[PDB]
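Read the figures in this text as sums done on the coordinates, not as results from a lab. Here the Cβ positions follow ideal geometry from the backbone for every residue, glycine too, while neighbour counts run over all protein chains shown.
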Amino acid sequence: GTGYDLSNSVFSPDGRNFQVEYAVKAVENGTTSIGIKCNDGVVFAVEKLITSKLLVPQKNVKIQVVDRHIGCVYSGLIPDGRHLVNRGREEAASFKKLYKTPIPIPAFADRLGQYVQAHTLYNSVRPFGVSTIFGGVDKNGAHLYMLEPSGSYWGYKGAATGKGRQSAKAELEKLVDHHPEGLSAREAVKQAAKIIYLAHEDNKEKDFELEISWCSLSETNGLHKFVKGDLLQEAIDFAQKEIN
Amino acid sequence: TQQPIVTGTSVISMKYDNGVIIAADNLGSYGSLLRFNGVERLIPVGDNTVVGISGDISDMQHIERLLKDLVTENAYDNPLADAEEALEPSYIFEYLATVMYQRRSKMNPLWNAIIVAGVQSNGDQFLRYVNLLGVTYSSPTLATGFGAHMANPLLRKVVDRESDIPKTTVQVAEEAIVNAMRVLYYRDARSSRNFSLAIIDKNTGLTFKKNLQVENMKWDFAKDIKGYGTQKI
């Protein structure tokens, strides 16, 4: 028959949920965001399209902090990403309250995944429209995860989602091949700036602003912090050199 | 909480020309038993606020967790958590005071007396008090329990009015605080010789001194006390 793509949680004769795939398309329509796991932490980066010079630069932050050690950046429908980040913050607060210890990165990943999978379980709720790359440093070291609107989430050496996800994935594969020992935190920041600058060329019609955060056991003592000032400009210059 | 179990004794605090000083003993009393030592009752929040809690230690730990959660929540989606949009002492106070008055009104209070001391963004000295009843008052000198009875006269001899705050130096205020701690150790059965002391100066910042001890105690005259009246040997 027909009509399997009009209601959420409805399995097509193939075994698919078409509304989830449409949400994935909505994600693919979003900007490019990447995460890079280094030897002692993770680095998140995102492109912010400067639709007009009326936008206040360095403001309109896109990377959200969870607890004090988790970083999250979502590609797709930004409001849905904020909803998911708020839910994750509530989950982290609950975990810390009950077990005192801060929530581990895998636990947080599974919480977000179960939330999204529940959102893919009823025809009364729309699937999420954001792919979220998140992670941080816990007692077991660095962790980088990516979660899709289907509720599927995995741990990554490097992850990327958005319009320029393919070029970013190729550059991340190059980085993984050329660095088996692992990247350093600042090297990961420079590579994230480079990959963001390289993926902007797909939509070079309008100028963009780079936003980078990192959580490193040595560089930030395990806390999620926004890369700003001298390091951000250094990464921007590194990328500008790398393009040409 | 309807009856305190593990209790924290007095807390003292005063204002001086460039900020505030607060102090409290490190004793957790299980009623009449001096059960726990090294119990820090001064909780720093940021680089401009110290909260001194006296009373039920369980509710004190609850307030510790609440302050940590408040810091974490103020960090959320706030790129200015390091500057203009950081937790001011007045914010932390007003929040704690709202919580205390609510807990009172629900007939399940937090058996505590809290003194919030810090320096605002503009440099002004903030010193205020709340309790299980939600009563709020602010004075150049503030103390809880036996502190309010014994330390307050000594500390007010230094700063009786607001006009005495600009004249009072950090050394004078710290010496007065130490003398008040010694007097409390003299005449408070639930006091401790070990205490902690925080100084919030609008210039120097937050100085937190732990493991301090009461020194220069006068006990020699006890050798001459004999009997209770007519006895001589």
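Between B:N203 and B:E215, the contour length at 0.36 nm per residue exceeds the Cα-Cα span by 1.5 nm.
Candidates B:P79, B:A23, B:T204 compared by Cα position along the dipole of chain B: farthest toward the positive end lies B:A23, with charges placed on Cβ.
Model label points for A:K157 and A:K174, set 7 angstrom from Cα along the Cα-to-Cβ axis, are 1.5 nm apart. Modelled spin-label separation between A:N123 and B:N179, with each label point placed 7 Å from Cα along the Cα-to-Cβ direction: 8.2 nm.
The label point for A:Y22 and the one for B:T98, both projected 7 Å from the Cα toward the Cβ, are 4.1 nm apart. As a calculated quantity, the FRET efficiency between B:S138 and A:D207 at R0 = 41 Å, using C-beta atoms, amounts to about 0.20. Placing a label point 7 Å from the Cα of A:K139 along the Cα-to-Cβ line, the residues of region A:84-117 whose backbone N sits under 19 Å from it are A:92-111.
Return the calculated 222 nm mean residue ellipticity for chain A, to the nearest 500 deg cm²/dmol, obtained by summing -39500 (n - 2.57) across DSSP H runs with n ≥ 4 and dividing by the residue count.
On the way: 6 runs with 91 residues, N = 244.
That calculation yields -12000 deg cm²/dmol at 222 nm.
When A:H83, B:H149, A:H119 are sorted by how many other C-beta atoms sit within 10 angstrom of their C-beta, beginning with the fewest, the order is B:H149, A:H83, A:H119.
Taking the 0 to 90 degree range and rounding to the nearest ten, how far is the long axis of helix B:89-105 tilted relative to the main principal axis of chain B, both from C-alpha atoms? For helix B:89-105, the angle is close to 80 degrees.
The separation of region B:116-136 from region B:1-75, counted between C-alpha centres, amounts to 14 Å. Calculated [222 nm] ellipticity per residue, helices only, for chain B: -9500 deg cm²/dmol; basis is -39500 (n - 2.57) per DSSP H run with n ≥ 4, divided by all residues, nearest 500.
Relative contact order of region A:52-115: what whole-number percent is it, with Cα pairs under 8 angstrom and at least 6 residues apart?
Values: 40 pairs, mean separation 15.3, N = 64.
It rounds to 24 percent for region A:52-115.
Bridgeable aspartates and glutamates around B:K232 (alpha carbons under 17 Å apart, same-chain partners fewer than 8 residues away excluded): B:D224. Residues in region B:35-49, backbone N under 20 Å from the label point at B:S121 (7 Å along the Cα-to-beta-carbon vector): list them, ranges by number please. In region B:35-49, the label zone of B:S121 (backbone N under 20 Å from the point 7 Å along Cα→Cβ) covers B:45-49.
Averaging sequence separations of C-alpha pairs under 8 Å and six or more residues apart, then dividing by the length of region A:163-223, give the relative contact order as a whole percent. Show your work: numbers first, answer last.
Working: 30 pairs, mean separation 21.0, N = 61.
Once divided by the residue count of region A:163-223, the mean separation gives 34 percent.
Straight-distance candidates among the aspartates and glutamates for linking to B:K157, with alpha-carbon spacing under 19 Å and chain neighbours fewer than 8 residues away dropped: B:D17, B:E174, B:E175. Our note on the geometry: Cα centres of region A:136-188 and region A:52-95, 18 Å apart.
Using 0.36 nm per residue, how much length does the chain from B:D69 to B:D164 gain when fully extended, once their Cα-Cα distance is taken away? Walk me through the numbers on the way to the answer.
Details: separation 95, 0.36 × 95 = 34.20 nm, distance 3.69 nm.
Length gained, B:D69 through B:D164: 30.5 nm.
Listed by chain and number, the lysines placed with their C-alpha closer than 29 angstrom to that of B:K106 are A:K96, A:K97, A:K100, B:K68; residues fewer than eight positions away on the same chain are left out.
Take every pair of alpha-carbon atoms less than 8 Å apart whose residues are at least six positions apart; their mean separation over the length of chain A yields a relative contact order of 28 percent.
Sorted ascending by nearby beta carbons within 10 Å, beginning with the fewest, B:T7, B:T230, A:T51 become B:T230, A:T51, B:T7.
In summary, chain B shows an alpha-carbon radius of gyration equal to 1.07 times the 2.2 N^0.38 Å reference for compact globular proteins. Going 7 Å from the Cα of A:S9 toward and past its Cβ, which residues in region A:116-134 have a backbone nitrogen under 12 Å from where you end up? Taking a point 7 Å out along Cα→Cβ of A:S9, the residues of region A:116-134 whose backbone N falls under 12 Å are A:117-127.
Round to the nearest 10 and give me the degree value, 0 to 90, for the angle of helix A:185-199's Cα axis relative to the longest principal axis of chain A. Helix A:185-199 and the main axis of chain A meet at about 70 degrees.
If r is the Cβ-Cβ distance from B:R193 to B:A83 and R0 is 56 Å, what FRET efficiency results, to the nearest 0.05? Please report the intermediate quantities before stating the final value.
Values: r = 40 Å, r/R0 = 0.72.
Efficiency at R0 = 56 Å is approximately 0.90.
Ranked for footprinting exposure by Cβ neighbours inside 10 Å, fewest first, A:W154, B:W219 give B:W219, A:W154.
Going down the table (A:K194/A:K225; A:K139/A:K169; A:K157/A:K190; A:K62/A:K194; A:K62/A:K157), which pairs top 26 Å between alpha carbons?
Working: A:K194/A:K225 19 Å; A:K139/A:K169 28 Å; A:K157/A:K190 16 Å; A:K62/A:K194 18 Å; A:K62/A:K157 22 Å.
Going by Cα-Cα distance, A:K139/A:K169 fall outside the 26 Å limit.
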